[PDB]
Amino acid sequence: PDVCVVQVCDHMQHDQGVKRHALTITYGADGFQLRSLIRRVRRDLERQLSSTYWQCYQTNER
Amino acid sequence: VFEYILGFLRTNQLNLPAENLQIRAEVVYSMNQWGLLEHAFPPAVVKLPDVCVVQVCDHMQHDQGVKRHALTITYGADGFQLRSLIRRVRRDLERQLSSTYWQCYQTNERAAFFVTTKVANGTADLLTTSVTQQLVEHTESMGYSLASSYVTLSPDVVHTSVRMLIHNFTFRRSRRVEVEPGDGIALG
Amino acid sequence: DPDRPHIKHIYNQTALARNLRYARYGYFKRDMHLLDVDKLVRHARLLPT
Amino acid sequence: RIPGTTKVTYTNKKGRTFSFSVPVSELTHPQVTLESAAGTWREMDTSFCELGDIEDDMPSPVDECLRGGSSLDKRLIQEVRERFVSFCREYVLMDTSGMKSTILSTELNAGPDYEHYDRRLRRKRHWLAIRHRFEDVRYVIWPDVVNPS
Amino acid sequence: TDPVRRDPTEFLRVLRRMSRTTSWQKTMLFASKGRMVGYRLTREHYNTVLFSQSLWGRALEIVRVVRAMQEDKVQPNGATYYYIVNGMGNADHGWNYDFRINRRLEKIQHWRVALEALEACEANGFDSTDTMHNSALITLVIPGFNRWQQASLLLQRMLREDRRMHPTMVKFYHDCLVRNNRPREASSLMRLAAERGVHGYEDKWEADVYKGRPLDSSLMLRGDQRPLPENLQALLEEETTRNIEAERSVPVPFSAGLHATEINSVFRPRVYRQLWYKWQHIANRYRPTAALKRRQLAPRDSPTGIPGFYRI
Amino acid sequence: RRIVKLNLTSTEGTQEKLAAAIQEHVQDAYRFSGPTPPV
Amino acid sequence: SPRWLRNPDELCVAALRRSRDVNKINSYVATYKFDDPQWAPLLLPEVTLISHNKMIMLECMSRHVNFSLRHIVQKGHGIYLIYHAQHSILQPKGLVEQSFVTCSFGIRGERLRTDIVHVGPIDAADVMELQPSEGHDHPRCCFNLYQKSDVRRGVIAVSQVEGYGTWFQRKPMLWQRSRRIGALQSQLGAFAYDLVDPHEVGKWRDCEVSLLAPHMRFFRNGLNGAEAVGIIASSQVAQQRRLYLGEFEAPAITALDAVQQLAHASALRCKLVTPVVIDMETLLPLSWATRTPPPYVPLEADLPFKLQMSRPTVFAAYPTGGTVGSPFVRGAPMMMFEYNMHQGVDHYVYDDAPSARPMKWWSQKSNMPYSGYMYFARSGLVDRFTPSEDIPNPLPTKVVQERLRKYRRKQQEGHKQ
Ligand SMILES: CC(=O)SCCNC(=O)CCNC(=O)[C@H](O)C(C)(C)COP(=O)(O)OP(=O)(O)OC[C@H]1O[C@@H](n2cnc3c(N)ncnc32)[C@H](O)[C@@H]1OP(=O)(O)O
């Protein structure tokens with residue numbers, strides 16, 4: 001599309017004093033390659049933190 | 001486009017136009033296909049991105065009904081001189097902070113921190129404004145321009161009484177007047 | 001160490017810290033691949049034939 | 001100051017070379033967050049600290065003077081002599097009010113208790129240190145007979 | 001044995017809990033014995049240990065944790081230097097009645113340990129903290145120790161680096177200078193503190209009576225005085241040095257060779273009286289016992305729930 | 001209060017015995033914590 | 001390229017073929033997956049710049065054949081576990097093409113005994129074709145398995161195993177094992193992890209040696225037995241292309257390799273094989289038995305285990321018996337090793353207080369993953385002996401008429417409609 005909308009919803013929770021949050025990115029259209037964004041985020045966060053504390057994958061297309 | 005190319009021929013100096021990428025890429029393509037670009041521009045370290053997202057998040061807790069501030073500044077990409085930014089910020093704040101004690105330092109690459117004890121309302125407002133002012137000046141001095149910004153002011157997920165106001169700035173790198181990588185798609 | 005103990009009296013018979021029962025051979029059976037048989041023979045109590 | 005820009009030589013498809021312009025910046029902080037042992041980071045000297053370690057010797061300023069350097073220096077010789085003399089005076093005029101040396105069975109496989117380092121271990125360690133440093137310093141202070149320092 | 005309990009995650013969790021809640025021997029014992037029985041320790045393990053060792057001001061334990069770190073080839077990360085300097089800053093020190101507290105602190109040279117921690121952090125490339133520098137200077141000028149020529153240079157570096165002075169640091173260093181007979185440096189420190197606006201010192205500005213005087217090469221004259229003929233001025237200065245030393249030599253009774261600045265001078269860290277960590281209290285003497293009263297905290301014949309309070 | 005045990009081990013088994021003893025000490029320390037309950 | 005981990009679900013055998021004879025219903029013919037390069041090294045002899053070794057593949061083939069046949073005794077049971085693997089080789093030389101499997105209930109009506117007879121070339125040299133299109137300095141070798149008439153064949157080995165096909169007992173296999181791995185991990189600090197030079201231990205490379213030198217003890221120079229502490233390291237297995245590993249456990253082949261290895265070392269000490277002080281003389285196993293008593297816990301790989309052996313009895317009435325498990329050859333001398341290995345910490349206890357039951361929970365036992373015996377022959381006397389006994393080699397019109405009749409009817413009727 002000539003215009004695309006990207007929704008990033010961050011859900012923050014906490015139980016028994018441990019606080020967690022989950023980001024969900026969604027694209028309006030399908031033509032985007034999101035495996036590449038997942039790859040880029042993995043590459044850029046493996047340096048900043050251990051994978052034991054965060055996890056990013058692809059739920060489905062876009 | 002031929003105006004730029006002929007001017008460069010006559011002056012041996014080419015300055016690509018930044019605002020109109022269409023004309024900029026048209027000039028680059030014309031000069032490459034004419035083979036004149038190699039005379040225009042003849043032949044750890046990290047690359048500065050094209051878009052930078054930075055933010056100042058400060059937690060404002062209560063000590064005795066009056067609040068103390070723990071502020072942090074974070075960048076999205078490496079290569080920005082946080083130590084210089086913090087020296088500038090402390091030089092600014094040494095005249096404005098009247099708190100009992102306050103300190104600031106670079107806590108890691110792309111992140112810096114500042115703690116001040118139990119400031120009043122006027123002093124807190126005088127703190128945050130100057131911190132953001134210096135952040136914007138420092139980031140723009142690197143070759144960037146503030147494309148967008150937003151603010152939020154929300155409590156903490158764990159502690160209700162903890163309030164945090166976050167300024168999130170988005171900068172676009174003002175492309176230099178030169179041939180740059182990633183712009184190589186323009187040339188055939 | 002029963003041979004050169006680093007304490008005055010190895011054993012005692014206070015109400016809650018009795019330790020004479022734990023000199024029995026059955027307790028050293030748990031650790032037999034490491035055991036010193038002469039020291040066992042000398043300092044173990046209810047030792048079988 | 002950081003330069004901001006760098007140049008890279010690129011050859012087009014045809015085969016002609018020109019110069020790009022990459023915006024770059026240098027790293028200013030260590031990337032210590034990675035759990036990697038580079039082996040290059042500076043370390044803190046701690047050989048001067050006096051612990052209760054029996055397998056060691058009571059560190060003395062004579063120890064910090066005898067660093068395997070060029071001992072044939074007059075000033076270093078007076079420094080060593082005065083430090084050894086001070087160490088000996090410290091032992092001799094030591095305040096021995098609460099010092100006790102009674103054979104205690106509990107300390108067989110260990111030194112005198114941490115809480116009893118000063119009253120039971122300090123003087124003995126000091127004497128052993130004096131004897132050992134004497135073995136190192138005597139030929140320096142009173143060199144054998146063949147201008148003198 | 002109970003893989004849930006034998007998990008590096010669970011080991012680190014209980015270590016964090018021990019550092020958060022209880023005293024320092026708990027973390028010391030747990031970390032040391034876990035390290036011995038496998039359990040690779042990492043930088044966050046060592047940071048958790050150092051947090052409590054610094055909170056309780058254990059110089060010897062800080063030194064042992066440091067030696068363990070360089071033994072395991074684990075790199076410190078700025079927070080380690082923060083904790084090392086701040087924990088050397090607030091060690092037990094001083095004097096009771098004729099009884100030195102922590103007389104063992106002398107041979108450790110925790111002042112040099114803190115100086116080397118600062119040196120190593122700067123060399124490796126971390127941003128030191130104004131509180132680190134303050135705590136180093138208190139470490140140098142602690143009541144039992146007199147390293148004021150060292151402390152002056154360190155303070156000069158602080159000022160050239162545009163760091164803030166702490167009121168605790170000013171108090172300790174002024175007392176040390178007065179103990180060591182340095183009115184020039186004490187008065188300059190008071191003026192400097194008054195000008196920089198350290199909260200405790202803003203009415204303590206005082207005139208400079210040494211204006212236009214040298215530091216190193218004579219005799220001070222009021223302006224309405226003239227030097228005596230030199231052959232006689234030599235006799236007078238010879239008499240005056242002898243008189244000054246004769247007066248200095250005589251021992252003062254009902255003391256213990258203790259200066260007035262260090263008589264009745266017991267210092268224990270902040271935690272020792274029913275309080276906990278705070279970043280701005282670098283060397284915080286435990287509060288006076290008069291703060292709390294038993295019959296004010298609980299009725300008669302009932303516990304007040306503050307064991308250890310009221311104890312020196 | 002802990003019952004003192006006798007160490008009946010060879011010149012070689014002391015390494016393993018020490019390992020086991022320190023593991024028991026670590027369990028006694030784990031008693032400090034409360035009750036116990038991606039990649 | 002490597003597959004150093006292999007899930008237990010996959011096997012090395014292709015679909016088996018039941019025999020049509022009424023009295024041979026229990027008889028199956030097994031064809032092994034030679035095509036896969038994954039199983040190729042495990043199902044084919046290793047080539048030395050030949051080793052004659054068989055336990056690398058004989059045990060694997062027998063165990064996976066029984067795993068495939070498990071279904072007829074599993075009855076839907078939760079878990080299936082194999083044991084009592086006996087092997088006796090009739091001809092040390094020669095590779096294997098296929099096998100015949102006869103399965104029965106054994107004694108108990110809850111187990112499944114098997115009998116594997118291996119048929120294939122009795123001489124690998126004939127099938128060998130050296131340096132075929134070497135290209136790179138290291139050639140890739142290939143074997144001609146199914147040959148028309150150029151190869152002489154016969155029985156090469158006879159084995160028997162049995163699987164129990166039972167349930168998952170929570171106590172002996174979940175929370176006692178849970179405690180035992182933790183105890184072994186805690187004990188990990190007691191040992192010194194220094195490997196041993198493979199020259200005096202029988203292996204060629206230092207990458208395939210799992211036997212800690214500082215913890216190898218011998219009695220009267222190994223004349224009365226030996227003990228050795230070893231570790232089947234995932235690091236050792238990964239960059240070693242012969243053996244693989246499971247998720248947590250170590251297979252019987254990678255458990256018996258250490259037995260073979262310590263046997264070679266003890267043989268050197270006892271003067272049974274010629275040392276290196278040149279070519280290496282790695283003693284090869286002729287017949288071996290390996291059992292796992294209950295609880296049938298597997299051998300954990302990442303944690304150390306202590307192996308223990310008996311003195312080598314050199315045979316110029318076997319102590320075991322004449323059935324499968326004892327050697328079926330006679331001639332050159334052999335070397336017998338009884339071995340048992342312990343994987344666990346039996347000496348760790350935690351006596352919180354007499355009132356509770358500390359022993360029922362925090363007590364445990366150093367389990368015996370694999371026990372058994374092995375017969376070895378010197379590598380130089382492989383060709384000296386010959387098989388002793390003799391075993392034989394295991395080597396539609398009416399339906400067509402009816403179908404053609406049916407088609408006649410169908411095509412005839414097709415016209416009427
Ligand atoms: C005279 C005066 O005024 S003294 C004033 C200050 N002191 C006092 O008031 C008395 C207080 N006394 C005490 O706290 C106890 O006696 C103490 C100090 C022994 C408590 O320390 P512990 O809990 O026993 O620590 P721990 O059991 O681990 O013993 C230290 C050992 O751990 C070793 N160790 C190795 N790595 C580490 C590590 N990361 N962390 C800690 N210890 C380590 C040390 O090498 C040391 O070896 P050692 O056994 O030969 O001594």
# chains A, B, ... in the order shown; residues from 1 in each chain; ligands from 1

$ residues_near_ligand --ligand "ligand 1" --cutoff "7 Å" --atoms "only C-alpha atoms and all ligand atoms" --output "PDB file with N, CA and C atoms, in the first residue's frame"
ATOM      1  N   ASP D  53      45.394 -14.456  56.396  1.00  0.00           N
ATOM      2  CA  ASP D  53      45.904 -15.615  55.672  1.00  0.00           C
ATOM      3  C   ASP D  53      47.217 -16.072  56.292  1.00  0.00           C
ATOM      4  N   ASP D 113      40.993 -17.541  65.422  1.00  0.00           N
ATOM      5  CA  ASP D 113      39.717 -17.093  64.895  1.00  0.00           C
ATOM      6  C   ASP D 113      39.830 -15.669  64.358  1.00  0.00           C
ATOM      7  N   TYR D 114      38.987 -15.366  63.371  1.00  0.00           N
ATOM      8  CA  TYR D 114      38.948 -14.018  62.819  1.00  0.00           C
ATOM      9  C   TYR D 114      38.791 -12.978  63.916  1.00  0.00           C
ATOM     10  N   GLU D 115      37.922 -13.237  64.890  1.00  0.00           N
ATOM     11  CA  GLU D 115      37.710 -12.287  65.972  1.00  0.00           C
ATOM     12  C   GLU D 115      38.913 -12.200  66.900  1.00  0.00           C
ATOM     13  N   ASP D 118      44.004 -10.160  66.312  1.00  0.00           N
ATOM     14  CA  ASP D 118      44.921  -9.223  66.952  1.00  0.00           C
ATOM     15  C   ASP D 118      45.534  -9.800  68.219  1.00  0.00           C
TER      16      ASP D 118
ATOM     17  N   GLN E  25      27.159 -11.350  56.333  1.00  0.00           N
ATOM     18  CA  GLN E  25      27.718 -12.686  56.478  1.00  0.00           C
ATOM     19  C   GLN E  25      26.897 -13.723  55.730  1.00  0.00           C
ATOM     20  N   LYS E  26      25.589 -13.499  55.587  1.00  0.00           N
ATOM     21  CA  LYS E  26      24.753 -14.448  54.864  1.00  0.00           C
ATOM     22  C   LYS E  26      25.187 -14.560  53.412  1.00  0.00           C
ATOM     23  N   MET E  28      28.043 -13.546  52.167  1.00  0.00           N
ATOM     24  CA  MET E  28      29.408 -14.058  52.128  1.00  0.00           C
ATOM     25  C   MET E  28      29.441 -15.578  52.162  1.00  0.00           C
ATOM     26  N   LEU E  29      28.789 -16.181  53.156  1.00  0.00           N
ATOM     27  CA  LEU E  29      28.795 -17.631  53.287  1.00  0.00           C
ATOM     28  C   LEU E  29      28.177 -18.291  52.067  1.00  0.00           C
ATOM     29  N   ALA E  31      27.577 -17.191  48.899  1.00  0.00           N
ATOM     30  CA  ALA E  31      28.362 -17.054  47.683  1.00  0.00           C
ATOM     31  C   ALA E  31      29.624 -17.899  47.736  1.00  0.00           C
ATOM     32  N   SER E  32      30.362 -17.871  48.849  1.00  0.00           N
ATOM     33  CA  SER E  32      31.615 -18.613  48.899  1.00  0.00           C
ATOM     34  C   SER E  32      31.379 -20.113  48.760  1.00  0.00           C
ATOM     35  N   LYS E  33      30.429 -20.663  49.520  1.00  0.00           N
ATOM     36  CA  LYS E  33      30.234 -22.106  49.479  1.00  0.00           C
ATOM     37  C   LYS E  33      29.569 -22.565  48.187  1.00  0.00           C
ATOM     38  N   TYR E  46      28.570 -11.260  41.862  1.00  0.00           N
ATOM     39  CA  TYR E  46      29.551 -10.475  42.600  1.00  0.00           C
ATOM     40  C   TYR E  46      29.012  -9.098  42.958  1.00  0.00           C
ATOM     41  N   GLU E  61      35.984  -7.916  53.690  1.00  0.00           N
ATOM     42  CA  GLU E  61      35.136  -8.693  52.800  1.00  0.00           C
ATOM     43  C   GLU E  61      35.133  -8.123  51.389  1.00  0.00           C
ATOM     44  N   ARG E  64      38.300  -9.406  49.827  1.00  0.00           N
ATOM     45  CA  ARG E  64      38.212 -10.815  49.456  1.00  0.00           C
ATOM     46  C   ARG E  64      37.318 -11.028  48.239  1.00  0.00           C
ATOM     47  N   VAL E  65      36.210 -10.294  48.140  1.00  0.00           N
ATOM     48  CA  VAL E  65      35.359 -10.408  46.959  1.00  0.00           C
ATOM     49  C   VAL E  65      36.108  -9.930  45.723  1.00  0.00           C
ATOM     50  N   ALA E  68      38.464 -12.655  44.702  1.00  0.00           N
ATOM     51  CA  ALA E  68      37.700 -13.692  44.021  1.00  0.00           C
ATOM     52  C   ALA E  68      37.371 -13.291  42.589  1.00  0.00           C
ATOM     53  N   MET E  69      37.023 -12.022  42.360  1.00  0.00           N
ATOM     54  CA  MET E  69      36.707 -11.602  40.999  1.00  0.00           C
ATOM     55  C   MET E  69      37.915 -11.734  40.080  1.00  0.00           C
ATOM     56  N   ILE E 101      38.100   1.187  68.000  1.00  0.00           N
ATOM     57  CA  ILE E 101      37.185   0.299  67.297  1.00  0.00           C
ATOM     58  C   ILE E 101      37.731   0.041  65.901  1.00  0.00           C
ATOM     59  N   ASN E 102      37.835  -1.233  65.534  1.00  0.00           N
ATOM     60  CA  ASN E 102      38.342  -1.632  64.226  1.00  0.00           C
ATOM     61  C   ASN E 102      39.810  -1.233  64.066  1.00  0.00           C
ATOM     62  N   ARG E 103      40.602  -1.549  65.089  1.00  0.00           N
ATOM     63  CA  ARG E 103      42.036  -1.316  64.999  1.00  0.00           C
ATOM     64  C   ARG E 103      42.677  -2.150  63.903  1.00  0.00           C
ATOM     65  N   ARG E 104      41.996  -3.200  63.452  1.00  0.00           N
ATOM     66  CA  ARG E 104      42.442  -4.042  62.352  1.00  0.00           C
ATOM     67  C   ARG E 104      42.409  -3.324  61.011  1.00  0.00           C
TER      68      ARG E 104
END

$ interface_residues --of "chain E" --to "chain D" --cutoff "7 Å" --atoms "only C-alpha atoms" --output "NGL selection string"
:E and (73-74 or 77 or 107-109 or 116-117 or 120 or 123-126)

$ select_by_dssp --residues "chain D" --states "strand (DSSP E or B)" --output "list in words"
residues 5, 6, 9, 10, 11, 17, 18, 19, 22, 23, 24, 25 and 26 of chain D

$ closest_atom_pairs --of "chain F" --to "chain E" --cutoff "8 Å" --atoms "only C-alpha atoms" --output "CSV"
residue,atom,partner,partner_atom,distance
F:19,CA,E:37,CA,6.3
F:22,CA,E:33,CA,6.3
F:23,CA,E:37,CA,6.2
F:25,CA,E:33,CA,7.6
F:26,CA,E:34,CA,6.4
F:29,CA,E:30,CA,6.6
F:30,CA,E:14,CA,7.5
F:33,CA,E:14,CA,6.2
F:36,CA,E:4,CA,7.7

$ write_last_selection --atoms "C-alpha atoms" --output "PDB file, in the first residue's frame"
ATOM      1  CA  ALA F  19      32.370 -31.491  48.167  1.00  0.00           C
ATOM      2  CA  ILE F  22      29.883 -28.081  51.446  1.00  0.00           C
ATOM      3  CA  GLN F  23      26.852 -29.119  49.380  1.00  0.00           C
ATOM      4  CA  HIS F  25      26.068 -26.573  53.982  1.00  0.00           C
ATOM      5  CA  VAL F  26      24.634 -24.940  50.857  1.00  0.00           C
ATOM      6  CA  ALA F  29      21.777 -22.077  53.659  1.00  0.00           C
ATOM      7  CA  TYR F  30      18.954 -22.632  51.150  1.00  0.00           C
ATOM      8  CA  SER F  33      14.711 -18.918  51.596  1.00  0.00           C
ATOM      9  CA  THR F  36       9.683 -23.279  46.876  1.00  0.00           C
TER      10      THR F  36
END

$ residues_around --residues "residue 133 (chain E)" --least-positions-apart "2" --cutoff "10 Å" --atoms "only C-alpha atoms" --output "list in words"
residues 82, 85, 86, 89, 114, 115, 118, 128, 129, 130, 131, 135, 136, 137, 138, 139, 154, 155, 157, 158, 163, 164, 165, 166 and 169 of chain E

$ closest_residue --among "D:61, D:129, D:110, D:147" --to "chain C" --atoms "only C-alpha atoms"
D:110

$ interface_residues --of "chain F" --to "chain G" --cutoff "6 Å" --atoms "only C-alpha atoms" --output "count of residues only"
4

$ residues_around --residues "region 79-92 of chain B" --least-positions-apart "3" --cutoff "9 Å" --atoms "only C-alpha atoms" --output "short mmCIF file (atom, residue, chain, number, x, y, z; two decimals) with N, CA and C atoms, in the first residue's frame"
data_model
loop_
_atom_site.label_atom_id
_atom_site.label_comp_id
_atom_site.auth_asym_id
_atom_site.auth_seq_id
_atom_site.Cartn_x
_atom_site.Cartn_y
_atom_site.Cartn_z
N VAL B 45 34.82 2.05 15.42
CA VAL B 45 34.02 2.98 14.63
C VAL B 45 32.68 2.33 14.32
N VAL B 46 31.60 3.11 14.44
CA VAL B 46 30.26 2.64 14.14
C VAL B 46 29.56 3.68 13.28
N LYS B 47 28.62 3.21 12.46
CA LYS B 47 27.85 4.07 11.57
C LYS B 47 26.71 4.72 12.34
N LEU B 48 26.47 5.99 12.06
CA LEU B 48 25.32 6.67 12.63
C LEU B 48 24.08 6.37 11.80
N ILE B 73 18.48 8.86 30.44
CA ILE B 73 18.42 9.21 29.03
C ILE B 73 18.92 8.01 28.24
N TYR B 75 19.32 6.15 24.23
CA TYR B 75 19.30 6.22 22.77
C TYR B 75 18.92 4.87 22.19
N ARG B 95 24.12 25.58 37.93
CA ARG B 95 23.59 26.88 38.28
C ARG B 95 22.12 26.84 38.69
N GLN B 96 21.41 25.75 38.39
CA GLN B 96 19.96 25.72 38.54
C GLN B 96 19.47 24.78 39.63
N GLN B 103 23.87 14.16 41.27
CA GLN B 103 24.98 13.69 40.46
C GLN B 103 24.46 13.13 39.14
N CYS B 104 25.36 13.03 38.17
CA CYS B 104 25.01 12.50 36.85
C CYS B 104 26.23 11.81 36.27
N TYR B 105 25.99 10.78 35.47
CA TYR B 105 27.08 10.02 34.86
C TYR B 105 26.54 9.16 33.73
N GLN B 106 27.43 8.75 32.84
CA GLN B 106 27.10 7.82 31.78
C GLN B 106 27.13 6.40 32.34
N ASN B 108 26.03 3.48 30.77
CA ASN B 108 26.56 2.55 29.78
C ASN B 108 26.51 3.23 28.42
N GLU B 109 27.01 2.54 27.41
CA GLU B 109 26.93 3.08 26.06
C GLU B 109 25.47 3.24 25.67
N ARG B 110 25.13 4.42 25.15
CA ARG B 110 23.80 4.84 24.72
C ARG B 110 22.84 5.09 25.88
N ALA B 111 23.34 5.30 27.10
CA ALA B 111 22.49 5.54 28.26
C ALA B 111 23.24 6.35 29.31
N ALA B 112 22.53 7.28 29.95
CA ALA B 112 23.09 8.13 30.99
C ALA B 112 22.05 8.34 32.08
N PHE B 113 22.51 8.78 33.25
CA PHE B 113 21.69 8.77 34.46
C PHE B 113 22.00 10.00 35.31
N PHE B 114 21.01 10.40 36.11
CA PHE B 114 21.08 11.60 36.94
C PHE B 114 20.15 11.44 38.14
N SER B 130 15.69 21.82 31.05
CA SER B 130 17.08 21.93 30.65
C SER B 130 17.65 20.60 30.19
N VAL B 131 17.27 19.49 30.83
CA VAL B 131 17.75 18.19 30.39
C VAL B 131 17.32 17.92 28.96
N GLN B 134 19.23 20.31 26.44
CA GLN B 134 20.57 19.83 26.13
C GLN B 134 20.54 18.55 25.31
N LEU B 135 19.61 17.63 25.58
CA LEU B 135 19.51 16.43 24.77
C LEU B 135 19.28 16.78 23.30
N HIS B 138 22.44 18.48 21.74
CA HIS B 138 23.50 17.51 21.50
C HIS B 138 23.18 16.59 20.33
N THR B 139 21.96 16.05 20.27
CA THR B 139 21.62 15.16 19.17
C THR B 139 21.62 15.88 17.83
N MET B 142 24.94 16.37 16.03
CA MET B 142 25.53 15.22 15.36
C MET B 142 25.15 15.13 13.89
N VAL D 24 29.91 8.27 10.58
CA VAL D 24 30.42 7.33 11.57
C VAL D 24 30.70 8.06 12.87
N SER D 25 30.82 7.29 13.95
CA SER D 25 31.22 7.80 15.25
C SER D 25 31.91 6.68 16.02
N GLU D 26 32.77 7.07 16.95
CA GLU D 26 33.55 6.12 17.73
C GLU D 26 32.81 5.75 19.02
N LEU D 27 33.09 4.55 19.51
CA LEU D 27 32.55 4.10 20.78
C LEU D 27 33.33 4.71 21.93
N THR D 28 32.60 5.15 22.95
CA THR D 28 33.20 5.80 24.11
C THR D 28 33.14 4.97 25.38
N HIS D 29 32.25 4.00 25.46
CA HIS D 29 32.10 3.20 26.67
C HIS D 29 32.58 1.77 26.43
N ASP E 127 32.51 5.95 34.07
CA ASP E 127 32.28 7.30 34.57
C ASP E 127 32.15 7.23 36.09
N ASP E 162 35.16 19.29 38.42
CA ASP E 162 33.88 19.98 38.60
C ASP E 162 32.87 19.08 39.31
#

$ select_by_dssp --residues "chain C" --states "helix (DSSP H, G or I)" --output "PDB file with C-alpha atoms, in the first residue's frame"
ATOM      1  CA  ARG C  21      24.357 -42.955  67.927  1.00  0.00           C
ATOM      2  CA  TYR C  22      25.840 -41.512  64.723  1.00  0.00           C
ATOM      3  CA  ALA C  23      29.105 -43.411  65.187  1.00  0.00           C
ATOM      4  CA  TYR C  25      28.519 -48.412  60.994  1.00  0.00           C
ATOM      5  CA  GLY C  26      25.235 -48.015  59.122  1.00  0.00           C
ATOM      6  CA  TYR C  27      25.762 -44.271  58.779  1.00  0.00           C
ATOM      7  CA  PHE C  28      29.212 -44.751  57.230  1.00  0.00           C
ATOM      8  CA  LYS C  29      27.780 -47.358  54.854  1.00  0.00           C
ATOM      9  CA  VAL C  37      38.585 -49.323  56.648  1.00  0.00           C
ATOM     10  CA  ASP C  38      41.116 -49.246  59.500  1.00  0.00           C
ATOM     11  CA  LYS C  39      39.645 -46.012  60.864  1.00  0.00           C
ATOM     12  CA  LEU C  40      36.186 -47.548  60.472  1.00  0.00           C
ATOM     13  CA  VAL C  41      37.201 -50.653  62.413  1.00  0.00           C
ATOM     14  CA  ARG C  42      38.710 -48.480  65.136  1.00  0.00           C
ATOM     15  CA  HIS C  43      35.998 -45.825  65.580  1.00  0.00           C
TER      16      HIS C  43
END

$ interface_residues --of "chain F" --to "chain C" --cutoff "7 Å" --atoms "only C-alpha atoms" --output "ChimeraX atom specification"
/F:1-4,6-10,13

$ residues_around --residues "residue 18 (chain D)" --least-positions-apart "5" --cutoff "7 Å" --atoms "only C-alpha atoms" --output "mmCIF file with N, CA, C and O atoms, in the first residue's frame"
data_model
loop_
_atom_site.group_PDB
_atom_site.id
_atom_site.type_symbol
_atom_site.label_atom_id
_atom_site.label_comp_id
_atom_site.auth_asym_id
_atom_site.auth_seq_id
_atom_site.Cartn_x
_atom_site.Cartn_y
_atom_site.Cartn_z
ATOM 1 N N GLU B 38 32.835 10.334 -10.410
ATOM 2 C CA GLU B 38 34.124 9.912 -9.877
ATOM 3 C C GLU B 38 35.128 11.054 -9.828
ATOM 4 O O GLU B 38 36.085 10.989 -9.050
ATOM 5 N N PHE B 41 33.605 13.239 -6.638
ATOM 6 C CA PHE B 41 33.934 12.663 -5.334
ATOM 7 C C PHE B 41 35.000 11.589 -5.519
ATOM 8 O O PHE B 41 34.694 10.386 -5.502
ATOM 9 N N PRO B 42 36.259 11.979 -5.689
ATOM 10 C CA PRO B 42 37.306 11.003 -5.979
ATOM 11 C C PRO B 42 37.724 10.257 -4.727
ATOM 12 O O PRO B 42 37.489 10.728 -3.605
ATOM 13 N N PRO B 43 38.357 9.083 -4.874
ATOM 14 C CA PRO B 43 38.831 8.297 -3.732
ATOM 15 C C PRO B 43 40.117 8.850 -3.128
ATOM 16 O O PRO B 43 40.390 10.037 -3.295
ATOM 17 N N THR D 9 35.974 3.946 -0.724
ATOM 18 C CA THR D 9 36.123 3.896 -2.172
ATOM 19 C C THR D 9 35.238 2.788 -2.730
ATOM 20 O O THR D 9 35.344 1.629 -2.311
ATOM 21 N N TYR D 10 34.373 3.145 -3.674
ATOM 22 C CA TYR D 10 33.443 2.218 -4.301
ATOM 23 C C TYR D 10 33.653 2.203 -5.806
ATOM 24 O O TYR D 10 33.802 3.256 -6.434
ATOM 25 N N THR D 11 33.641 1.004 -6.383
ATOM 26 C CA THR D 11 33.764 0.810 -7.820
ATOM 27 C C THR D 11 32.402 0.440 -8.390
ATOM 28 O O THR D 11 31.792 -0.545 -7.964
#

$ interface_residues --of "chain A" --to "chain D" --cutoff "10 Å" --atoms "only C-alpha atoms" --output "ChimeraX atom specification"
/A:46-50

$ closest_residue --among "G:385, G:47, G:321, G:87" --to "residue 159 (chain G)" --atoms "only C-alpha atoms"
G:87

$ residues_around --residues "residue 161 (chain B)" --least-positions-apart "6" --cutoff "12 Å" --atoms "only C-alpha atoms" --output "list in words"
residues 59, 60, 61, 62, 63, 65, 67, 154 and 155 of chain B

$ interface_residues --of "chain B" --to "chain A" --cutoff "10 Å" --atoms "only C-alpha atoms" --output "ChimeraX atom specification"
/B:77,156-159
